[PDB]
Amino acid sequence: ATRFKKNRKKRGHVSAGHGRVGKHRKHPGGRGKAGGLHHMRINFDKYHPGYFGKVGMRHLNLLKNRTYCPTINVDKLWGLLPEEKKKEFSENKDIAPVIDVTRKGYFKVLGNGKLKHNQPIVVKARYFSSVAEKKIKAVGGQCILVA
Amino acid sequence: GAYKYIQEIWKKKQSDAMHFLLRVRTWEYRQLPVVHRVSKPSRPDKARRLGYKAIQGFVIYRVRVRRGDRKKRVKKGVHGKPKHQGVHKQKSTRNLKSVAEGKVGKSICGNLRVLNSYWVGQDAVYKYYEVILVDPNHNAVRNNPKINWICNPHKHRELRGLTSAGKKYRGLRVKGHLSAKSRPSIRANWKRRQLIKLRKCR
Amino acid sequence: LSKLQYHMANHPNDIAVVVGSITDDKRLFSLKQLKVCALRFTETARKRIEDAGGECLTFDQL
Amino acid sequence: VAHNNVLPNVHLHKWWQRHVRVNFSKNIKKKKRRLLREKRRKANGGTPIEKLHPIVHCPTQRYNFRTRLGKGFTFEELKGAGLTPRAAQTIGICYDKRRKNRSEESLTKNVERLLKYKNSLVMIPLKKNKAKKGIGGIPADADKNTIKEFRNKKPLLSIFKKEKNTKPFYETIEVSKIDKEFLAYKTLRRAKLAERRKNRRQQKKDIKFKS
Amino acid sequence: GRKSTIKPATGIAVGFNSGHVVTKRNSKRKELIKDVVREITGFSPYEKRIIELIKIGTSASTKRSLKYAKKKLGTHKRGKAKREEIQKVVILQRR
Amino acid sequence: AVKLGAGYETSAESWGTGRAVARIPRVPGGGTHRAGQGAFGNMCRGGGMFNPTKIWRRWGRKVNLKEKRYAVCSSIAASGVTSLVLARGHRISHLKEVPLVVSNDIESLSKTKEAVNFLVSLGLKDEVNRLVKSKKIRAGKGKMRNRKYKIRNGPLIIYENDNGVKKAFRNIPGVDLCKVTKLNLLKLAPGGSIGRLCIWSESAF
RNA sequence: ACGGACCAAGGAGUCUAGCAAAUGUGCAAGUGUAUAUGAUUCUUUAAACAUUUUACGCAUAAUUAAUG
RNA sequence: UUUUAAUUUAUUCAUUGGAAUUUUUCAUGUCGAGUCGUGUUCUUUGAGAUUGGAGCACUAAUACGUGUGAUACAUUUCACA
RNA sequence: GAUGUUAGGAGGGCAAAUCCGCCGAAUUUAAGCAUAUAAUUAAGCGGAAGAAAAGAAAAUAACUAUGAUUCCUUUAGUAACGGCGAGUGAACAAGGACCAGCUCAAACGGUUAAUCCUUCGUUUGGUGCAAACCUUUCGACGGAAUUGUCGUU
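Residue numbers (PDB author numbering), protein chains in the order written: chain AO, 2 to 148; chain AP, 2 to 203; chain AS, 64 to 125; chain AL, 2 to 212; chain Ab, 2 to 27, 38 to 106; chain AF, 53 to 257.
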């Protein structure tokens, strides 16, 4: 795919589509991001304000492996389990699902969403949020710690 | 445990008797030539705790080496950027101990191979080491089930830094995050690191 | 599906026409008798709507 | 740079033609490896090349819930299985000295796996019909007929492969058995808040036990 | 987070002894060689200074001896060990 | 690709101020005809072209698996209609129904004379004639690069278990074979066309 | 004002990495099958096919120096 | 034609030797020195009150230690070699 | 220690694509330029193999823990360094390939160096025409070795 290029349309045009008066020169402004704080500063200050300066204390070797924690909002909990089991659980007023989110691969449970009124659910996750716990217990459900 | 006693007494280096013995030995070393043969070990303790043996194909050479750095090489007043102006305070990378067996394994005895060296003594200027060398051609070492590996071609270990001093000064003597980079050797690891690999199907 | 059902909640007898595809939302619990017409679907959404009891109208049928 | 683009971040500023190397030979190298391993197992009289490995739980917080294949058992499991390491390394069992069993559950699972493997061996005679009782806890040397009838059957590799895990994320409990007094947020925050002082308590426990 | 040797780990995922709930399980030659080499060698030139500084037997003497030992030998652990050992041996020789 | 040091193995000297000649580099020396000539560059004789095509182009193309499976399904279903099979170019007017299938005994055939007699008795004599006569030396410089002949395509036979077909239907110029579970679009839809006259077996179908 | 005595051939916005935008396509809260694994594929075949019930990237939720 | 397995098939009589596991005791044994390390200097590194190395000065502790646990310190644990 | 046209053997140079150490720049970029960047690169010197080098923890984590080395995807253009500018740039874990582990030293053996070797011999059988080689163990002399070989862990 070379004849589709823009250049293949301007063979007989002298300027090759890169101007005549200005001419096409190698590295006009300066190589790389060289214009910082001297002459290209308007572009930085208009599109990337906070680029310059350093803020904050130092984490030496973060080792991101420790604070890894995928998040799940509280409404998606029902959607996790299959819809036929959803139907049977909704049908019966005596059985409630138990969702050990560690099996799926989730750690924290967050409070965003809107559950189904008058239905208890058992949840097992490494972490919880206060609003999520309030939502869970407001409908007869229980939050169970796990590790 | 006689060797243990010898290790314990040599561990001091600042008893009166040890200081006297060191002075006299170093003085009678200095008047001898720079590199030569010593028919028997001067520190059998350290030698035999190393890979020394009492079999036919073993040689011990005593060598000297000048203390101090090497200074730069340029003629008189150098040419370059300011970051490389200074010459006097520049330091080398190969340790004096390594240079010791370098001076002996380089040319003067090419029939032999280097194993390691030990302390011997010291002085104001001329440091002292006794390099151990092993004959790879006498039938004893060939027939020996042990050590004979040194008779399987890998020559001039001192020039490739394969001795104890080589491992010490190449960063190989410490594992883990303390060294990290130099494990597959410095240049090989840098090549692997900054090398870029592509694929046929992107 | 959640938005689609919400927007048909006002009048139940009409058929929705949406030019793009309709995606299934696991954030919804139950669905009720929805009649739709779109270009593409998703197997999960198709199964969900068939179980609900509606039917997927394609533009030719429309 | 030209207006609203990401800031360039190209790490090509040094020589790289010197170090570019693409891999055209992926598929043919794969074929060569296949042929080499096939020849290696064919020359080995039908004995499977693969070796049994333990099952261990992965380190760190992120992977604190999966099993995988390590490198060798420790001496305790082998002793429970009645195998000395220097006679167990010769029949396709991996041994080391670094791991030290720390959980009785893993100990039991590893010894169960090892005993199953040992029961599943069918020994080959060593010196042409000089069958004996074996040493070091190796299984007894089977005779002519059993090896003759088994050598033409497919050798199982499921034990060689890693184990699947059961993840019953769908389970049910009775609503009546629910304790609705458990404030999980309170539990978590109290545990985090009482972190330091109980460390003082444990340190003083240790310093008192030191005597 | 320090572990707890007994009282198996609680079900909580963070805090003291956190984790899962799995089960947990559980000279004659030297002094002779030391004294013979001591007789054959003796004390070092700075060992004599340390001996006399600790023999002066004042708190200022002890502080100065520790400072001298640390500046002479490097690090604090080894200096403290040298001070305690040398004061032990000087007490034994005084006895 | 071309050699890395293409033409750049010469001297880089450009004395071009005062001599009243072009500013392109020249080469030192004398006596030789090369002395004084235009030196390396995209400009003159032997100076090497301007952008040496390197060995690390983007040759291949990663193609989505669902995309490829969809394409295979569409291709195989294309041949399930006579109009497009005719529009492609296969001579099939004497066949009855284009999903043409044969009993598994076709898998057991073991002689090319009987194979061609089969494929003619089915009415594909015209197809055989066209395939036989299409063999012709192609034009251009390709015939000089071990790519002399350019033969057309014929019916594709699909079989489930080889019992002689793999070494029976070749040597029929323009016919190629593909097992069911390893069917490749490169054989199913050559040239990016639509549909392909395909003869199945019962087990395969 | 500067280059052009004449003729024939060669002669210049290309390639790669990364990002963004526009367009077309598949799939869709998932997506991509990476290294690699199996196969009576093993002229063409250095390609196609295939991938036992959480590998990862990118996305699903943001924010503060930071314990969170 | 080179190798490499299954496939044949081994039987007598004897000595010498050693190994593994398993009961009972002795005894808690050894374990790499101008080396580690510290200070200083130079270079190198993503390493940041110094990552590695090296010159120079001082110079060690014996497994109840000494080296790590990416911020310099003293007190004291624990984890791993 | 010296001495040897002593007997028996080795080293020297050529060749470098990959590899192994030392020394060691500048052009350039930063739109100037001195820290930096080019680069632990180019040049030079010295050394081997068919692969080498690395390799059996004075490791990593901090968890229900893994478990020699090397290499491929990923961690990641991230933690971090930096006239905090241009720029530079990791390691752990995860998934794969392959997967082999060991002995010097220290201890113990003195009613016994239980060793090793040169040379000269003795023979156990065999492929090969010849030629040559592979397997084969009882010594004699002379040694080296207690300033420590071999046995055992």
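Every residue gets a Cβ at the ideal spot worked out from N, C-alpha and C, and that includes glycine.
Cβ contact annotation for AP:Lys73 (same chain, cutoff 6 Å, sequence separation greater than five): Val88, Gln91, in chain order.
Taking a cut-off of 8 Å for Cβ pairs, the stretch 35-45 of chain AL and the stretch 66-78 of chain AS do not touch, as fewer than three such pairs fall below it. Taking 4 residues as the minimum length, the alpha helix (DSSP H) runs contained wholly in the stretch 167-219 of chain AF are 177-185, in order along the chain.
Per DSSP, reduced to three states, the secondary structure at AO:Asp101 is strand. The way I'd put it, the stretch 62-70 of chain AP does touch the stretch 99-108 of chain AP; three or more beta-carbon pairs between them come closer than 8 Å.
For AF:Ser255, the closest alpha carbon among the candidates AF:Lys177, AF:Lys234, AF:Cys230, AF:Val153 is that of AF:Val153.
The beta carbon of AF:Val137 sits closer than 7 Å to those of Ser131, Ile144, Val150, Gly247, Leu249, all from its chain and outside the five residues before and after it, given in chain order. With the rule of 3 Cβ pairs closer than 8 Å, the stretch 49-65 of chain AP counts as touching the stretch 123-135 of chain AP. Taken in chain order, the unbroken stretches of alpha helix (DSSP H) that lie wholly in the stretch 225-255 of chain AF and span 4 residues or more are 237-240. The beta-carbon separation of AS:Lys98 and AS:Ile78, rounded to 4 Å, stays under the 8 Å limit for a contact.
In this chain, the beta strand (DSSP E) harbouring AP:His37 covers 36-38. When DSSP reads this structure, AS:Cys100 sits in a beta bridge with AS:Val80, AS:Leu120. Between AO:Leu146 and chain Ab, the shortest Cβ-Cβ separation is below 7 Å. Residue pairing by DSSP puts AO:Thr72 in a beta bridge opposite AO:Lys109. By the C-beta criterion, the stretch 76-84 of chain Ab is judged not to be in contact with the stretch 58-77 of chain AF, since fewer than 3 inter-stretch pairs fall below 8 Å. Among the residues of chain AO, those whose CB is under 7 Å from the CB of AS:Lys89 are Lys77, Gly80, following chain order.
Taking C-alpha positions only, AO:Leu81 is separated from AO:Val110 by approximately 13 Å. Contact note: AP:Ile197 reaches chain AL through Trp17, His20, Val21, using a C-beta cutoff of 7 Å and chain order. At a C-beta separation below 8 Å, Ab:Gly12 has these neighbours in chain AO: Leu146, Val147, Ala148.
Per DSSP, AP:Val142 is one residue of the alpha helix (DSSP H) stretching across 140-144. Under the three-state reduction of DSSP, AP:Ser118 is assigned to strand.
At a cut-off of 7 Å between C-beta atoms, Ab:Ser38 does not count as an interface residue with respect to chain AP. Using a 10 angstroms sphere on the CB of AP:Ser118, the tally of other CB atoms reaches 16 or more, which defines it as buried. Our two residues, AL:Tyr96 and AL:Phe74, have alpha carbons roughly 5 Å apart in a direct line.
In the three-state reduction of the DSSP assignment, Ab:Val47 falls in the helix class. Look at the stretch 9-24 of chain AO: it has no residue with a C-beta under 8 Å from a C-beta of chain AL. Taking 7 Å as the threshold, the shortest C-beta distance from AF:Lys114 to chain AP falls below it. Judged by DSSP secondary structure, AL:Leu36 falls within the alpha helix (DSSP H) whose first and last residues are 27-43. Annotated as distal: AF:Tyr201 and AF:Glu159, with beta-carbon spacing of 7 Å or more.
Listed in chain order, the positions of the stretch 81-100 of chain Ab with a beta carbon within less than 8 Å of a beta carbon of chain AP would be empty, since no residue qualifies. Not flagged as an interface residue toward chain AO: AL:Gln204, since no C-beta distance is shorter than 7 Å. Cβ-Cβ separation between AL:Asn200 and Ab:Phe54: approximately 45 Å, too far for a contact (criterion under 8 Å).
By the C-beta criterion, the stretch 26-40 of chain AO is judged not to be in contact with the stretch 82-100 of chain AO, since fewer than 3 inter-stretch pairs fall below 8 Å. Within the stretch 110-136 of chain AO, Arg127, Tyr128 place their CB atoms closer than 8 Å to a CB of chain Ab, listed in sequence order. The alpha carbon of AS:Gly116 has as its nearest neighbour, out of AS:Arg103, AS:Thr105, AS:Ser93, the alpha carbon of AS:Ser93. When the five nearest sequence neighbours on each side are left out, the beta carbons in the same chain lying within less than 7 Å of the beta carbon of AF:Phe257 are those of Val153, in order along the chain.
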